[PDB]
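Engineer: Before we start, here is the structure in question, set down as structure tokens.
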Amino acid sequence: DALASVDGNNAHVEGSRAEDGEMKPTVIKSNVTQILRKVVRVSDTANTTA
Amino acid sequence: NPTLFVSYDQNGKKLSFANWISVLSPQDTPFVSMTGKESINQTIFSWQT
């Protein structure tokens with residue numbers, strides 16, 4: 001939401017023309033997903049025996 | 001325009017093929033058919049004596 005903690009002074013005496021305001025909008029961040037891979041080639045060999 | 005229909009004008013045959021094939025190639029394998037077989041685990045093996 002970006003609270004805009006900046007306070008400062010916004011004083012008014014008795015009837016000062018209500019200013020147009022200084023509202024702050026929201027800020028949106030975003031991520032992305034990665035892809036992993038594990039390859040295997042060796043067959044079931046290395047069983048020259050019976 | 002036949003008048004007898006003798007074994008030649010008979011259209012729509014079936015060819016009466018046989019139900020076998022003659023693979024005359026030599027398959028005689030006496031040594032293999034005589035020697036036994038044995039399940040081995042790994043590619044390499046050995047035998048004592």
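So that you can scan it fast, the table gives a plain yes or no per residue for (1) within 14 Å of chain B (Cβ to nearest Cβ); (2) under 30 Å from B:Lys37 (Cβ atoms); (3) exposed (fewer than 10 other Cβ atoms within 10 Å of the Cβ); (4) under 33 Å from the mean Cα position of the chain (by Cα):
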site	(1), (2), (3), (4)
A:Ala2	no, no, yes, yes
A:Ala18	no, no, yes, no
A:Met23	no, no, yes, yes
A:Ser30	no, no, yes, yes
A:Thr33	no, no, yes, yes
A:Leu36	no, no, yes, yes
A:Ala50	yes, yes, no, no
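Engineer: Going through B:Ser25, B:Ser33, B:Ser46 one at a time, which residue ends up being away from chain A (no Cβ under 14 Å) and in a loop (DSSP other than H, G, I, E, B)? Spell out the reasoning first.
Structural biologist: On the way: B:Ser33 fails: in a loop (DSSP other than H, G, I, E, B); B:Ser46 fails: away from chain A (no Cβ under 14 Å).
After ruling out the rest, the residue left standing is B:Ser25.
Engineer: Turning to a different aspect of this structure: Quick one: which of A:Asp44, A:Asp1 is under 30 Å from B:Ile44 (Cβ atoms) and of a type outside the set (S, T, N, Q)?
Structural biologist: Working: A:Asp1 fails: under 30 Å from B:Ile44 (Cβ atoms).
Sole residue among the options that is under 30 Å from B:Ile44 (Cβ atoms) and of a type outside the set (S, T, N, Q): A:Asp44.
Engineer: Now, a different point. Is it the case that some residue within region B:9-32 is out of contact with any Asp or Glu (no Cβ under 7 Å at 6 or more places or on another chain), closer than 29 Å to A:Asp44 by Cβ and among the polar types (S, T, N, Q)?
Structural biologist: Looking through region B:9-32, at least one residue is out of contact with any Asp or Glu (no Cβ under 7 Å at 6 or more places or on another chain), closer than 29 Å to A:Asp44 by Cβ and among the polar types (S, T, N, Q).
Backbone-built Cβ (ideal geometry, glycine too); neighbour counts: all protein chains shown. None of the figures in this text is laboratory data; all of them are computed from the coordinates on show.
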